[PDB]
Every structure is written in structure tokens, then in C-alpha cells.
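J.: Input: one structure, supplied below.
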Amino acid sequence: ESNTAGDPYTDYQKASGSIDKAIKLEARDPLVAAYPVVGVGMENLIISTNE
Amino acid sequence: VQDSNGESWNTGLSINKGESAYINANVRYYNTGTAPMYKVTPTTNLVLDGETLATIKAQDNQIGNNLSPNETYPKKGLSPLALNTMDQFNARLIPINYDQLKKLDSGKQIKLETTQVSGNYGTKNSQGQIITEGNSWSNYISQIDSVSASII
Amino acid sequence: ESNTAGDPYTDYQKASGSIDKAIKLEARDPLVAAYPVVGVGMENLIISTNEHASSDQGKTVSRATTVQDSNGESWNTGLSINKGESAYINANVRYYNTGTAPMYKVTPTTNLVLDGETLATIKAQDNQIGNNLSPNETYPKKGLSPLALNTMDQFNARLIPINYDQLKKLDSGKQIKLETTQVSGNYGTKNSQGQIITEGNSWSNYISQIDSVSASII
Amino acid sequence: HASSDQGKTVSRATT
Ligand SMILES: [Ca+2]
Ligand SMILES: [Ca+2]
Numbered sequence: 262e263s264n265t266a267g268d269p270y271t272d273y274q275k276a277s278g279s280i281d282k283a284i285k286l287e288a289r290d291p292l293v294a295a296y297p298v299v300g301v302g303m304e305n306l307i308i309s310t311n312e
Numbered sequence: 366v367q368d369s370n371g372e373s374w375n376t377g378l379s380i381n382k383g384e385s386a387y388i389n390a391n392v393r394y395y396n397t398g399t400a401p402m403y404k405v406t407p408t409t410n411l412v413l414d415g416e417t418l419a420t421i422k423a424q425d426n427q428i429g430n431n432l433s434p435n436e437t438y439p440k441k442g443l444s445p446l447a448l449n450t451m452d453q454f455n456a457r458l459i460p461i462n463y464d465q466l467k468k469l470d471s472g473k474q475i476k477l478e479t480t481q482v483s484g485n486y487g488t489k490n491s492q493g494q495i496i497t498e499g500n501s502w503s504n505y506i507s508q509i510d511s512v513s514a515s516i517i
Numbered sequence: 262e263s264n265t266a267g268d269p270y271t272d273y274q275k276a277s278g279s280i281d282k283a284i285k286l287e288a289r290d291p292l293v294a295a296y297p298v299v300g301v302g303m304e305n306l307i308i309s310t311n312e313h314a315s316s317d318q319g320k321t322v323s324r325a326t327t366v367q368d369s370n371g372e373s374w375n376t377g378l379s380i381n382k383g384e385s386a387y388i389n390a391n392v393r394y395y396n397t398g399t400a401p402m403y404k405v406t407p408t409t410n411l412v413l414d415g416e417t418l419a420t421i422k423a424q425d426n427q428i429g430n431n432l433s434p435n436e437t438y439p440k441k442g443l444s445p446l447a448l449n450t451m452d453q454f455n456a457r458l459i460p461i462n463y464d465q466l467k468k469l470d471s472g473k474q475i476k477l478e479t480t481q482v483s484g485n486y487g488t489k490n491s492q493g494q495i496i497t498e499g500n501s502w503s504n505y506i507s508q509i510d511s512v513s514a515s516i517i
Numbered sequence: 313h314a315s316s317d318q319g320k321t322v323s324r325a326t327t
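Protein chains in written order, with the entry's author numbering: chain B, 262 to 312; chain Y, 366 to 517; chain U, 262 to 327, 366 to 517; chain G, 313 to 327.
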């Protein structure tokens, strides 16, 4: 497999570090996947009553 | 022969019952993975008392360009976004009818839940420019999820 | 035949497992088709009746002379309704995948039926599209609330209307049914560089071709 | 477009 972890980057790209420099160090091991986990959290809510 | 002097003052208040109020959510994005997401555009459900009021996808006003791991959009010292509209061109406000407004004028709260997030990853093209346009993260989500173990 | 099963993947790509890793393993047999089976199920429906309610008050003072004094009050309340645009419909739905392949960019088309007539035929626009849908899964996922099918416009700006007769027979024993007429989505292939591309890859190009060379088992 | 309206009124006049 060229992509052991299944992410868009190959084993050599990851191990060699020749990827996005913002990827965590963890994810330059070919067994740990470069994978973002995004979540939204609401702060407050506003109600405009249109009378 | 007669005279007269009159005077009056009316006051009125009308309402629509299918467009009784507009909702504005203040949200913030988080990233707890190992890779940054470009052009972050989440999709969220607004749930009120067991029924979904609206499912909103992030349009241009609410898209975050960069989201590095362990960071938030907007950044730590800024105020949250305004999840304000529901249409494609950011020109249509999120409505609620009269019964939802009446139960919302009580202990009932609106919950927000992320149903999905789409974004881009970065690659270097033929000449060494980083490209993050045709590189959709949602092409690899199922494939990474199916060949791995999850740790938190 | 390079594609015995009639799916986007050849015999070697299937047999050697050199395909999307989310494909079920049975679908890597050249005789079993990689094939998503997506359906929509409504969970509840919400009616927003758009009547214009009104209310006003008043006071009056008057003095006449030929001496005469008067004072009065008043209050009025009204209700207006359009009979072709009597209410708005909001269906909470959820997509299921019971096939062998994941579908990307799921876009279902659904009829909303009430007492033997289709009120609307809605195709999922940006707010209702599911990015990923793996086999034996749902969108939204198991622990989340269902979507909201609010709009019929292409740009998610026109709400789904019902007229006065449908609204009156909807506040009775009659229920609205939802049925999926078709689902359009994408499949994944690797281009020159090992990047997965799911954009020019339509599943509908293969549906009618898989349904004509195969036997169905459920 | 249908509409239905109701209203009340009280008064008092002194000579
Ligand atoms: Ca390798
Ligand atoms: Ca063959």
C-alpha cells in the first residue's frame, strides 16, 4: 500500500516530512493518519421577533 | 349653529405566524485532529424540543479559511461567528414560527449539533505551489474510518 | 468483460482489493457488484401556518358646543390568510445505506404525498446533501438529530407551501407520506497521482446497467 | 386572500 493509513499522503511523504508543515508530528508516522476532527460549539443565541 | 374638536390616537401590533421570529446563533469551530483543514464549512442542525428547526451549511460569511490543530476559528481572543442566514447567497434569515417562539419564550433552549464538516487539504502541484482547491477531505473520511482504530 | 459485475471497477481492481477501502469485502468478488442502496425515511413533519394576525387599540376625546363632552375607547383584532399559500411544510428525514459501496455527495429526490396526490417533489440542495454515507450507516449519524427538508428552491430560499384544502385535510387523520424516487451520488477513483477523486464519477451512470445484468437478493 | 376582523367599543358623553 502506498497509503497505509488511508490519508491523502503516502508513506514516503509522511515519513520524509515532505508534506504540509502544519501537520502534527504524530501524523508523520505512516501508521497514524493525518485527520482533522472539526466540531462546532454554540456560544449564545439571539431572537429577533418581527412584529 | 355648532362646533366640534376631536382627537384620537391608535396603536397596533401585527405578527406573522409562519415567520414569527429570526434566529442568530454565535458559533466557533474547533480542531482536535492531526491535520489542518482549509476552507472549513460545517453543516449544523438547530434542534428545539425534539424537532429540527433548520439544517444550515456554512456559506461565505461563515467559512473559516485556516483551522490548524488545537486551534479555533475565530482565534482565541476574538468573538464567535454569526450563523445568520440559511440560503446560498447569505440573503435569507433563519425563521421560526409562532409555536416554536412561544415554547422558546420558556425554559426551552435551542441545541446545535454538527452533522458533518467539509474542507480541503494541501498538496504541492507541478511547480512548487500549495494547492487546496480540488483536494476534498470528505473523499478520505470513510476510507480512514474503515481501516483504523479510534483513540481519544 | 473488464467489468463483469457492471460496476465502475474492473475485475482486477475488485479482486485485488485496490479500490475504496470503505467498500464491503463481499463486493471485491468480481461477481458481486459494488452498489449503494440509499433510502430516505421521514421521522416527523412540522406545519407552519402563515396567517397574519393583527390587533389594535384606540382612544377618542371630543368636545362640542352649540356644551357637550365625550370620551371613548375601542379595540380590534383581525386575522388574514392566503388560500394558495396557507402553510409551510418541514420534513425531518434521514438517509440509510444498505448496499455494499459508500456513496459520496448523496442527493435524494423525494415525493411528499397527501391523500393520493404529490404535493411536492424535492431534490436535496446544499443544506440537505450528505458528504459521506458508508454501507450499514445513516446520515446524519446514529447519535444525531434528523435533517430539515425546508426548501424547494435550488438556492435554499423558497419554503415548501401547501394550500388551504391540503392544510384543512392535514389537521385530520390524514398524514403526509415521503417516498424516495431516486438518489444521485458519487464513487471514488484514484487519478494519475494517488488522489481520490469523487466529482466526475456519477453513480447513476451504472444503476440501469447493474440492474440489467444481475439478479437481486435481499 | 381572506380576512376576518372583530372589534368592540365603549363611549360616554356628558352634556
Ligand atoms: Ca508502502
Ligand atoms: Ca474480465
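Even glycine gets a Cβ: it sits at the ideal position worked out from N, Cα and C.
Identify the contact partners of residue 415 (chain U) in chain G, using a Cβ-Cβ distance below 7 Å as the criterion.
T.: Ordered by position in chain G, no residue passes the 7 Å Cβ test against residue 415 (chain U), which lies about 26 Å from the chain.
J.: Who are the Cβ neighbours of residue 463 (chain U) in its own chain at under 8 Å, not counting the five residues just before and after it?
T.: 380, 382, 383, 385
J.: How long is the line joining the alpha carbons of residue 505 (chain U) and residue 404 (chain Y), rounded to whole angstroms?
T.: 32 Å
J.: If the cut is a Cβ gap below 7 Å, which residues of chain U does residue 376 (chain Y) touch?
T.: 317, 318
J.: Can you tell me where the alpha helix (DSSP H) with residue 491 (chain Y) in it begins and where it stops?
T.: Membership of residue 491 (chain Y) in any alpha helix (DSSP H) is not indicated, and neither H nor E is assigned to it by DSSP.
J.: Assess contact between the stretch 478 to 487 of chain U and the stretch 463 to 483 of chain Y, defined as three or more Cβ pairs (one per stretch) separated by less than 8 Å. Is contact present?
T.: no
J.: What are the boundary residues of the beta strand (DSSP E) that residue 387 (chain Y) is part of?
T.: 386 to 396
J.: Any chance the CB of residue 272 (chain B) is under 6 Å from a heavy atom of ligand 1?
T.: yes
J.: With a cut-off of 8 Å, do at least 3 Cβ pairs link the stretch 419 to 434 of chain U to the stretch 269 to 282 of chain U?
T.: no
J.: What three-state label does DSSP hand residue 466 (chain U) in the structure shown?
T.: Helix.
J.: What does residue 461 (chain U) touch in chain G if you count any residue whose Cβ is under 8 Å from its own?
T.: Those do not exist, as residue 461 (chain U) stays about 16 Å from chain G at its closest Cβ, beyond 8 Å.
J.: Between the stretch 414 to 421 of chain U and the stretch 303 to 317 of chain U, do three or more beta carbon pairs fall short of 8 Å?
T.: no
J.: Under the criterion of a Cβ to heavy atom distance below 6 Å, does residue 384 (chain U) qualify as lining ligand 2?
T.: no
J.: What number of angstroms, rounded off, separates the C-alpha of residue 411 (chain U) from the C-alpha of residue 460 (chain U)?
T.: 11 Å
J.: Tell me whether residue 275 (chain U) sits in a helix, a strand or coil according to DSSP, three-state version.
T.: helix
J.: Buried or exposed for residue 491 (chain Y), going by 16 or more other Cβ atoms inside 10 Å?
T.: exposed
J.: Exposed or buried, which one is residue 273 (chain U) when buried takes at least 16 other CB atoms within 10 Å?
T.: exposed
J.: When the Cα atoms are used, what is the spatial distance from residue 448 (chain Y) to residue 508 (chain Y)?
T.: 31 Å
J.: For residue 446 (chain Y), I'd like the list of residues in its chain whose CB is within less than 6 Å of its CB, leaving aside the five on either flank, ordered along the chain.
T.: 392, 427
J.: DSSP three-state call for residue 314 (chain U): helix, strand or coil?
T.: For residue 314 (chain U), the three-state secondary structure derived from DSSP is strand.
J.: Could you pull the DSSP bridge partners for residue 374 (chain U) from this structure?
T.: U:318, G:320
J.: Report yes or no: is there a C-beta of chain C within less than 7 Å of the C-beta of residue 273 (chain B)?
T.: The question asks about chain C, but that chain is absent: this structure's protein chains are B, Y, U and G.
J.: Please report the residue range of the beta strand (DSSP E) in which residue 483 (chain Y) lies.
T.: In the DSSP annotation of this structure, the continuous segment of the beta strand (DSSP E) that includes residue 483 (chain Y) starts and ends at 475 to 485.
J.: Below 7 Å on C-beta distance, what does residue 300 (chain B) contact in chain Y?
T.: 395, 479
J.: When the Cα atoms are used, what is the spatial distance from residue 275 (chain B) to residue 292 (chain B)?
T.: 10 Å
J.: Less than 6 Å between the CB of residue 304 (chain B) and some heavy atom of ligand 2, yes or no?
T.: no
J.: Beta-carbon of residue 312 (chain B) versus every beta-carbon of chain Y: anything under 7 Å?
T.: yes
J.: In the DSSP assignment, what are the bridge partners of residue 431 (chain U)?
T.: Paired residue(s): U:403.
J.: Are residue 369 (chain U) and residue 323 (chain U) closer than 7 Å when you measure CB to CB?
T.: yes
J.: Got a sec: does ligand 2 put a non-hydrogen atom nearer than 6 Å to the Cβ of residue 262 (chain U)?
T.: yes
J.: Pull out every residue of the stretch 482 to 499 of chain Y whose Cβ sits closer than 8 Å to any Cβ of chain B, in chain order.
T.: 482, 484, 486, 487, 488, 495
J.: If you draw a straight line from the C-alpha of residue 477 (chain Y) to the C-alpha of residue 371 (chain U), how long is it?
T.: 51 Å
J.: Enumerate in chain order the residues of its own chain whose CB-to-CB distance from residue 423 (chain U) is below 7 Å, with the five nearest sequence positions on each side excluded.
T.: 406, 407
J.: Hey, does residue 372 (chain U) have any beta-carbon neighbour from chain G nearer than 7 Å?
T.: Interface residue (Cβ-Cβ distance to chain G less than 7 Å): residue 372 (chain U) is classified as such.
J.: For a contact defined as C-beta to C-beta under 8 Å, what are the partners of residue 420 (chain Y) on chain B?
T.: Result: empty, since nearest Cβ-Cβ is about 13 Å, beyond 8 Å.
J.: Can you tell me the Cα-Cα spacing of residue 450 (chain U) and residue 466 (chain Y), whole angstroms?
T.: 20 Å
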